[PDB]
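Undergrad: Got a structure for you, written out below as structure tokens; questions coming shortly.
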Amino acid sequence: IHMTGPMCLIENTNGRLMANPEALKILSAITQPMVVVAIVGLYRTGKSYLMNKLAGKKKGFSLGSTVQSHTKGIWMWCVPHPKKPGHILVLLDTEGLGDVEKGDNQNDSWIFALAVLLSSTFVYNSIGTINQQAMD
Amino acid sequence: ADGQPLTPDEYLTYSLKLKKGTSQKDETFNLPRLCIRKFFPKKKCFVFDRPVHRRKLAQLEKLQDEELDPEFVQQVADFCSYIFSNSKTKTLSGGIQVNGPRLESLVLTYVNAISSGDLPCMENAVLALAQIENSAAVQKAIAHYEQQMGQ
Amino acid sequence: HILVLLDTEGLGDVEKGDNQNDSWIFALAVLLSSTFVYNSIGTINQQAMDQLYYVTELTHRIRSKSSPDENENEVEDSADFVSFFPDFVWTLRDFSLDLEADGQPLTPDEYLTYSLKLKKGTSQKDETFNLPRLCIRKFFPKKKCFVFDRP
Amino acid sequence: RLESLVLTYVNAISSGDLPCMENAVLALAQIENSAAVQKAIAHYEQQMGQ
Ligand SMILES: Nc1nc2c(ncn2[C@@H]2O[C@H](COP(=O)(O)OP(=O)(O)O)[C@@H](O)[C@H]2O)c(=O)[nH]1
Ligand SMILES: [Mg+2]
């Protein structure tokens with residue numbers, strides 16, 4: 005019915021956005037109404053970790069601890085809503101913005117825009133303080 | 191802020207509050223905040239402490255709650271509780287409630303629209319300057335030519 | 091010899107109406123220094139690289155507009171304007187991420203070099219990525235990176 | 292000489308020697324509207340040429 009583990013929904017194939025058809029078919033088999041929660045923010049800010057907490061799990065969306073970017077594209081986890089019977093909670097984990105090894109800088113805008121369009125709740129993840137750059 | 195303690199929500203609202211005045215010195219400041227006020231009327235802020243000792247951040251998901259900061263464990267629970275209690279079912283125009291198939295349709299519609307060029311790109315601030323100044327340079331050069339030939 | 095320390099107003103103040111004054115303070119810090127300390131938190135962000143790129147180009151353009159009227163401009167020939175930009179010191183505060191890239195441990199200096207390394211080649215796929223880095227390579231040949239733990 | 296540098300560059304900034312780039316929505320409008328004129332002209336040229 006639901007997913008035991010998250011899957012990649014949208015891949016960065018070369019430098020073009022491509023949808024994973026397996027994840028789409030599992031998502032379209034989902035018959036219940038969906039509450040869709042997406043996270044977005046700079047890379048290396050603990051987004052993936054926080055999304056696993058919304059799934060109520062210690063592991064799920066992959067977490068790494070190097071200076072390099074980890075999460076790529078957009079990953080989807082369709083889980084039961086923990087309080088509403090007959091509703092589905094969808095978690096969308098995103099590639100982090102501002103990757104200094106990423107050539108396709110415009111893909112950051114594309115992932116952000118998709119996260120806004122596909123969600124009902126948008127989690128903007130920043131570090132330390134409210135920055136003017138983050139507002140802009 | 192200004193000698194008064196504020197909540198995280200009051201801190202977020204203060205940062206995003208538009209300046210009063212309507213003058214030129216306030217236009218740039220007010221431009222992102224008028225948009226954010228319009229597109230995101232309902233806002234919430236959450237603070238999270240540093241989650242553990244700095245040497246144990248790399249293994250954070252493998253640690254038990256007593257090795258993390260206690261305030262961080264509580265703050266994560268409060269965040270998750272708020273998301274579960276206040277998040278709505280996704281909607282579309284015409285009173286339509288989004289389910290799996292409709293969400294799949296939205297993914298395909300927007301991915302295809304991006305791949306066909308419908309989404310503008312934010313350019314580098316230097317290339318943007320060159321585009322403006324060089325275009326103006328062509329116009330000045332043409333105006334000089336027209337003046338010289340016309341005389 | 092006299093050591094001269096310049097402490098600056100921080101960029102990105104969300105209460106500051108004159109956002110263009112941030113570029114002015116940044117440009118003045120580049121122009122008046124012999125060593126430029128760029129202070130960042132946690133990691134090297136693309137925004138920090140692009141801001142340094144944008145301000146450096148604006149700083150070179152302002153300096154060019156105050157050279158042909160300056161008798162102090164006339165005292166050298168062959169040295170380009172880039173040779174008088176300050177040495178670059180990149181500080182990483184609250185540093186906790188593993189200094190490892192592609193399975194290899196790296197120094198902070200190698201981490202800075204990897205972040206600012208231009209991709210090889212001449213294609214359109216690389217132009218945007220290489221544009222700030224070609225500038226930073228040109229105007230800041232001498233670089234140094236330092237990490238600082240959470241204190 | 293450092294005093295001279297402070298006065299020289301502060302005056303140059305104060306007189307407009309530092310370029311100023313405008314915001315986001317106006318910059319987007321400038322790009323998209325310029326492209327819109329070109330698309331409209333291309334459509335006109337196609338219709339008249341046929
Ligand atoms: N400083 C800090 N580090 C965290 C926090 N949460 C997770 N981390 C660590 O930060 C690193 C990157 O986390 P990750 O989930 O991959 O960040 P993401 O790239 O935004 O998804 C991991 O090693 C985590 O253990 C936090 O709240 N603060
Ligand atoms: Mg991650």
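Chains as they are written, first to last, in UniProt numbering: chain E, 5 to 140; chain D, 191 to 341; chain R, 91 to 241; chain A, 292 to 341.
We treat Cβ as the ideally placed atom computed from N, Cα and C, and that holds for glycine.
#1: With a threshold of 9 Å between beta-carbons, can R/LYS155 be considered close to chain A, or not?
#2: Ignoring anything shorter than 3 residues or poking outside the region 129-206 of chain R, list the beta strand (DSSP E) runs there in chain order.
#3: Give me the residue from E/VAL104, E/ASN111, E/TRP81 and E/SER130 with the minimum Cα distance to E/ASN18.
#4: Anything in chain D within Cβ reach of E/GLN137, meaning under 7 Å, just list it in chain order.
#5: Assuming D/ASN314 contacts R/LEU122 (C-beta within less than 8 Å), just tell me the rounded distance between them.
#6: Quick check: the Cα distance between E/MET139 and R/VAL104, rounded to an integer number of angstroms?
#7: Residues of the region 116-143 of chain R with a CB closer than 9 Å to any CB of chain A: list them in chain order, please.
#8: Report the neighbours of D/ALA315 on chain A: residues whose CB is nearer than 8 Å to its CB, in chain order.
#9: Please check if any C-beta of chain D sits within less than 9 Å of the C-beta of A/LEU309.
#10: Please list the partners that D/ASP216 has in chain R, where partner means a Cβ-to-Cβ separation under 8 Å.
#11: Can you tell me whether DSSP reads residue 3 of chain E as helix, strand or coil?
#12: Pull up the DSSP beta-bridge partners for D/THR279, would you.
#13: With three or more C-beta pairs closer than 8 Å as the rule, is the region 203-210 of chain R touching the region 75-93 of chain E?
#14: List, in order along the chain, the chain R residues whose C-beta lies closer than 7 Å to that of A/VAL297?
#15: What would DSSP say about D/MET312, mapped onto helix, strand or coil?
#16: Closer than 7 Å between beta carbons: that is the criterion. Which residues of the region 88-113 of chain E meet it against chain R?
#17: Note down, in chain order, every chain E residue with its Cβ under 8 Å from the Cβ of D/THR279.
#18: CA-CA distance, E/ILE43 and D/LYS215?
#19: According to DSSP, is residue 154 of chain E helix, strand or coil?
#20: Between the region 280-292 of chain D and chain E, which residues of the former have a C-beta closer than 8 Å to a C-beta of the latter?
#21: Using a Cβ-Cβ cut-off of 9 Å, state whether A/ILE322 counts as contacting chain D.
#22: Per DSSP, E/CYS82 forms a beta bridge with which residues?
#23: Is there a Cβ of chain D sitting closer than 9 Å to that of A/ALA331, yes or no?
#24: At the level of alpha carbons, what is the spacing between E/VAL127 and D/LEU202?
#25: What's the call for D/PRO241, buried or exposed, on a 16-neighbour Cβ count within 10 Å?
#26: Would a check of beta-carbon distances place D/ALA248 closer than 9 Å to chain E?
#27: Straight-line CA distance for D/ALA320 to D/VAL328?
#28: Say whether the region 242-252 of chain D touches the region 92-103 of chain E, bearing in mind that this needs 3 or more beta-carbon pairs closer than 8 Å, one atom from each stretch.
#29: For ligand 2, enumerate in chain order all residues having a CB closer than 5 Å to any of its heavy atoms.
#30: I'd like the span of the beta strand (DSSP E) that includes E/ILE43, first residue to last.
#31: Below 8 Å on the Cβ atoms is my contact criterion, and I expect E/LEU21 with E/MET80 to pass it. Report the Cβ-Cβ distance as a whole number of Å.
#32: At a cut-off of 8 Å, would you count D/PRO241 as near ligand 1, judging by its Cβ distance to the nearest heavy atom?
#33: CB of E/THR49 to nearest heavy atom of ligand 1: below 8 Å?
#34: Any chance the CB of E/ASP97 is under 8 Å from a heavy atom of ligand 1?
#35: Roughly how many angstroms lie between the CA atoms of D/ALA326 and D/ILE304, to the nearest whole one?
#36: Nearest-angstrom Cα distance between D/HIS334 and D/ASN324?
TA: Working from what's here:
#1: Closer than 9 Å to some Cβ of chain A, the Cβ of R/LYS155 qualifies, so yes.
#2: Here the runs fully enclosed are 177-183.
#3: The residue with the shortest Cα to Cα distance from E/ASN18 is E/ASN111.
#4: Taking the beta carbon of E/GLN137 as reference, no residue of chain D falls within 7 Å; the closest one sits roughly 11 Å away.
#5: About 26 Å separates the two Cβ atoms, so there is no contact after all.
#6: Distance between E/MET139 and R/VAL104, taken at the CA atoms: about 8 Å.
#7: In summary, the residues of the region 116-143 of chain R whose CB is separated from some CB of chain A by less than 9 Å are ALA117, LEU118, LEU121 and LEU122, in the order they occur in the chain.
#8: Here the neighbours are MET312.
#9: No, its Cβ sits nowhere closer than 9 Å to a Cβ of chain D.
#10: At a C-beta separation below 8 Å, D/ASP216 has these neighbours in chain R: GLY107.
#11: Given that chain E is displayed from residue 5 to residue 140, the structure contains no residue 3 of chain E and the question cannot be resolved.
#12: DSSP lists no bridge partner for D/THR279.
#13: Touching, no, given that fewer than three Cβ pairs across the two stretches are closer than 8 Å.
#14: In chain order, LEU122 make up the part of chain R whose C-beta sits under 7 Å from the C-beta of A/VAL297.
#15: If DSSP states are grouped into helix, strand and coil, D/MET312 belongs with coil.
#16: Listed by position, the residues of the region 88-113 of chain E near chain R (Cβ gap below 7 Å) are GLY102, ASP103, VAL104, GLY107 and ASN109.
#17: Think of a sphere of 8 Å around the beta carbon of D/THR279: the chain E residues whose beta carbon falls inside it are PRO37, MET38, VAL39, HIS91 and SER124, in chain order.
#18: When only Cα atoms are considered, E/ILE43 and D/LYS215 end up about 34 Å apart.
#19: The structure shown does not extend to residue 154 of chain E, since chain E is modelled only from 5 to 140, so the question has no answer here.
#20: Of all residues in the region 280-292 of chain D, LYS280, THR281, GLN287, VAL288, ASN289, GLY290 and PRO291 have a Cβ within less than 8 Å of some Cβ in chain E.
#21: Taking 9 Å as the threshold, the shortest C-beta distance from A/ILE322 to chain D falls below it.
#22: According to DSSP, residue pairing for E/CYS82 in a beta bridge involves E/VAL94.
#23: No, A/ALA331 lies away from the interface with chain D (no Cβ there is under 9 Å from its Cβ).
#24: The straight-line gap from Cα to Cα measures roughly 14 Å.
#25: With 16 or more neighbouring CB atoms inside 10 Å of its own CB, D/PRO241 falls in the buried class.
#26: Proximity of D/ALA248 to chain E, defined by a Cβ-Cβ separation below 9 Å, is satisfied.
#27: Each residue's Cα considered, the two are about 12 Å apart.
#28: The answer is no - the region 92-103 of chain E does not touch the region 242-252 of chain D, with fewer than three Cβ pairs under 8 Å.
#29: My final list is E/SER52, E/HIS74 and E/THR75.
#30: It spans 38-45 - the beta strand (DSSP E) in which E/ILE43 sits, taken as one unbroken run.
#31: Cβ atoms of E/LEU21 and E/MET80 stay farther apart than 8 Å, at about 14 Å.
#32: D/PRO241: yes, Cβ under 8 Å from ligand 1.
#33: Correct: E/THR49 has its Cβ closer than 8 Å to ligand 1.
#34: Yes - ligand 1 has a heavy atom lying nearer than 8 Å to the Cβ of E/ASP97.
#35: The alpha-carbon atoms of D/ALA326 and D/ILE304 are separated by roughly 31 Å.
#36: It is roughly 15 Å from the alpha-carbon of D/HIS334 to the alpha-carbon of D/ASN324.
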